[PDB]
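*Asks:* Before I ask anything, here is the structure I am working with.
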Amino acid sequence: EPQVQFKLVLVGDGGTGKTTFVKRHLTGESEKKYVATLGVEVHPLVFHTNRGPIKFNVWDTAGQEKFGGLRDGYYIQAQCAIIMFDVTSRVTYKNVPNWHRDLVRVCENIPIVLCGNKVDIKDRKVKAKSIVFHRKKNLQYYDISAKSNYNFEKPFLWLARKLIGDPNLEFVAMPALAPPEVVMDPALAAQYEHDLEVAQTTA
Amino acid sequence: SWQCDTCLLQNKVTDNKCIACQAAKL
Ligand SMILES: Nc1nc2c(ncn2[C@@H]2O[C@H](COP(=O)(O)OP(=O)(O)O)[C@@H](O)[C@H]2O)c(=O)[nH]1
Ligand SMILES: [Mg+2]
Ligand SMILES: [Zn+2]
């Protein structure tokens, strides 16, 4: 019997926390592999859906993004993607369109999720009102916090529903995750979740 | 379709190596 797996490329400015993020998933981290001809650790992240097991094969960079754009060999056969920026860092958000372009160019029309990492930090710079890129297109957006696991599963659930074409797909159990190294205040999470809704119904 | 045991990409039978990292099929 053949398995269900997708190549998921993880792009965004260096320092946004991509590596921190893919690593929250213990089994993915320990079974991850290493394409040395491309400088890339692939991380098999299995999620258990009410329909069965699904594997996102997340391609994480060995840092080459701080010094320019990535090679086609990286984007090849991508079947979905996550774009990440740092909410403490406006420039990372300003380079989001840049990544999106370099992506679409190689991956004509694949599902993409935009992610605001580091929401755990109090002094945030890129509030919900500023987040607008996803308004256009086929770009679902979630606040996330790698270090507290906050919304870790969201990006993946949303990507699974598109690649399966099942709006009613559910994860039966949350995968095994590294213990949250920082806390995610329920206040911030509540204000930030609320600041996301009171934006989608507005402009 | 077989799978490359280096990067996990799903290549084709007509492919004899990997269309992503140029790695040989075993
Ligand atoms: N506060 C906080 N810091 C984070 C989070 N994720 C990553 N970082 C920090 O951001 C820095 C760069 O993270 P890294 O995963 O290496 O970013 P990458 O270059 O995108 O792969 C590190 O010092 C991390 O500790 C997060 O969710 N919250
Ligand atoms: Mg990294
Ligand atoms: Zn390969």
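Throughout, chain B uses Swiss-Prot numbering, with the displayed residues spanning 661-686 in order.
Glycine residues also receive a Cβ, built from the backbone N, Cα and C atoms like all the rest.
Feature list, courtesy of Swiss-Prot:
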type	residues	note
BINDING	B:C664, B:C667, B:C678, B:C681	Zn(2+) 1 binding site
*Asks:* Counting Cβ atoms within 10 Å of each candidate's own Cβ, which of the binding-site residues B:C664, B:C667, B:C678, B:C681 comes out highest?
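*Replies:* Result of the Cβ crowding comparison: B:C667.
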*Asks:* Write out which of the listed binding-site residues, namely B:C664, B:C678, B:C681, lie with a C-beta under 8 A from a C-beta of chain A, sequence order kept, or 'none'.
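*Replies:* Near chain A: B:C681.
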*Asks:* Please report the DSSP secondary structure of B:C667 (Zn(2+) 1 binding site), reduced to three states.
*Replies:* coil
